[PDB]
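As a starting point, one isolated chain is supplied in structure tokens, in the form deposited in one PDB entry.
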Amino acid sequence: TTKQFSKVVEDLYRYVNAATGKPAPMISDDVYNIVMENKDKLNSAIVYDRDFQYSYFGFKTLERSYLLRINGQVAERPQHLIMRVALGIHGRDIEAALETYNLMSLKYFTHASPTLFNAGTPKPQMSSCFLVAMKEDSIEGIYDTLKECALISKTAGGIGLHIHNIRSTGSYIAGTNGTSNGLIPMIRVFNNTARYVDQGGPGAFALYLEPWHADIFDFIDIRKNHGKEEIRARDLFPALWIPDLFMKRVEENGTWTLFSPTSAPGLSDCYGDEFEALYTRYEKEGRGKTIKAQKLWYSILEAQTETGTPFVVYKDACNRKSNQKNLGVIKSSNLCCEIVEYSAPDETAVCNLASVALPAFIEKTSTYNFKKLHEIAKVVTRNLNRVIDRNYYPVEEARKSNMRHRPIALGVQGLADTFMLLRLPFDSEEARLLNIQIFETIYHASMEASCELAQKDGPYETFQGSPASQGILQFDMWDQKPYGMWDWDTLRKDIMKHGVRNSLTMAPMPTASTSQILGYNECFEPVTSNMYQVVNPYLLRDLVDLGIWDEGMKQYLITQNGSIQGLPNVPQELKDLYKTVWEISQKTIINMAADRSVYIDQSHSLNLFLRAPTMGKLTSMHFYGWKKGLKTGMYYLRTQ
């Protein structure tokens, strides 16, 4: 690799596809002109010694799919990547650019994959999430929506697609005097388009459906591994958009009615008591097919046990506690179950994501620098706002959405690292408290920075009439007082006076690849193993420190699922600290998820981990988080 950043940018800008002779610049006109106008300042700002902030699997992560290539050879050093992204985000604001380069290079936070991939390049598609409305219950709306999904999927970013408006199997078609074959054949069309289109030369969509839809029994079964094949769509992910009524009927052991949307209009366009009144009326009018609620329930659990899906997101929780409720009824989340944003046939919700590296704020005894965290969170908030304006939107429905409501999604990684570093068991009171105070500071920081942005550039277009315009912040919608490490009254006073620039700011995402770069555990989940063929950095230090680290102890970690429990000669304090996620009660997981959720605007991608899975255990877990008021009750079910 060439060392000088400005020479790397030149090579990239001047790139020509040799096989075709076509100029194929890999830097935008804009960022090139900026680098060239400031090349001494930029070249000498990079500290190339920081490529040793990464590790074997973290560097080989970047080198393998993030660092831009010329002719199949890596052309970017990691610091070049980071400065390219800083510039791609900040443009002419060199000071901002320099601050972002410095904080990212020292691993305080990072932006999501699409940003890392595309910032600073000619069609910079930096947004990770698209939430698409099925446009209409017609061939035309179906094929228009399919086309919009193909165009989005050509430029990277997952899709959450809601399809509650498509009439079900056996329904009448007036134009041809025929009968619909329902959702499964249509899903199969979408499945083929996700396969055909492979991010520019493969798609992953999540499909959302309310569980009164009459094809629901087949919908939930789409990833099943066994027999029928023309009834399965194994490259898509089903997600349930569950009303509280469903959960009530199941716990009551009552009935549930399945409708075609054409027989029972408007269900997905209301929520809560209004839904409950409309749904019960349609029930009483003989407009659908009644079954035992617990019959559906059983089939759901059986599909989650075999496939890990469907996902579970609670419709009424998502709508009652959204700052976007003045926009209309929200009808989906997204591929990874963290975005809850409004979508409609002309508005495709988009989000831009970044994660704070929670261990960077640890400082004999260790403490956590919340003031540095608040400061970094505001930096990241401002970055993500800037991404909104600098983004290439693959379809017009997505520009119109984002330009109007300007949502953002801050998250985190290395929560488990943080606890371990601080010697707190995951299930400890200390870890409970740290969880709350971390999320409280991130949300405060985000809102303070967004309010600063509203005083500068004006509130987002639809701020007026929002819960936040009336001083109702997220934790107020959960009917709770905040923990109070930060002054929320002054914040709220300023927000009601001056607005905020972003409708939403927090959606802790999976970080499935960005944590790997930084060398931390993903998002907010415990560790899954203390051995991945390398052992937990923290565990290792301790074992060595106690003189019990030997071969005959290395083995009971390879052989034993990366768990240290039961291991004869290990102190109990290590055992508590290094519990694996299969060893931590999911009630504790659900509890901590509820604690943090009061400070999460959107939702969070809560995977669930069941070791010895029974239909009864799984039911308790769903009902426990449902009654906790969780929005995303479940992302994947990981088993066995």
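Only residues modelled in both forms are compared. C-alpha atoms forming the largest set that superposes within 1.5 Å between two forms make up the rigid core. Residue indices: 1-based, along the sequence shown.
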(message) Considering only other entries where residues before and after it are modelled, is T255 without coordinates in at least a third?
(response) no
(message) As a check of understanding, is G201 unmodelled in at least a third of the other compared entries that model its flanking residues?
(response) yes
(request) Pick one of none, 1 to 3, 4 to 9 or 10 or more for the number of deposited-sequence residues not modelled between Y196 and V197. (result) none
(request) Select one of none, 1 to 3, 4 to 9, or 10 or more to describe the deposited residues without coordinates separating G201 and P202. (result) 1 to 3
(request) Take the C-alpha B-factors listed in the entry for 208-216 and for 227-235, compute each mean, and give the stretch with the larger one. (result) 227-235
(request) Can you let me know which of the two, 549-557 or 495-503, has the higher average C-alpha B-factor in the entry? (result) 549-557
(message) Looking at the temperature factor on the CA atom of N33, which third of the chain's modelled residues does it land in?
(response) middle
(request) Check where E573 lands among this chain's C-alpha B-factors and tell me if it's the lowest, middle or highest third. (result) lowest
(request) Can you work out whether the C-alpha temperature factor of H80 puts it in the lowest, middle or highest third of the chain? (result) middle
(message) Among the modelled residues of this chain, does the Cα B factor of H111 put it in the lowest, middle or highest third?
(response) lowest
(request) Divide the modelled residues of the chain into thirds by Cα B-factor and specify which third, lowest, middle or highest, holds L453. (result) lowest
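There is another form of this protein, the form solved in complex with a partner chain, and it is not shown here; the text below is about that form.
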(request) May I ask whether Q586, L610 and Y624 all come within 4.5 angstroms of the partner chain in the entry with it bound, judged by heavy atoms? (result) yes
(request) State yes or no: in the entry with it bound, is some non-hydrogen atom of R14 no more than 4.5 angstroms from a non-hydrogen atom of the partner chain? (result) no
(message) Among the candidate stretches 49-57, 35-43, 567-575, 610-618, which one is within 4.5 Å of the partner chain in the entry with it bound when only heavy atoms are counted?
(response) 610-618
(request) Identify which of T290, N177, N253, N569 has its C-alpha displaced by 2 Å or more between this form and the one not shown once the rigid core is superposed. (result) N177
(message) Report the shifted segments between this form and the one not shown, defined as three or more consecutive common residues with all CA displacements of at least 2 angstroms relative to the rigid core fit.
(response) 175-177
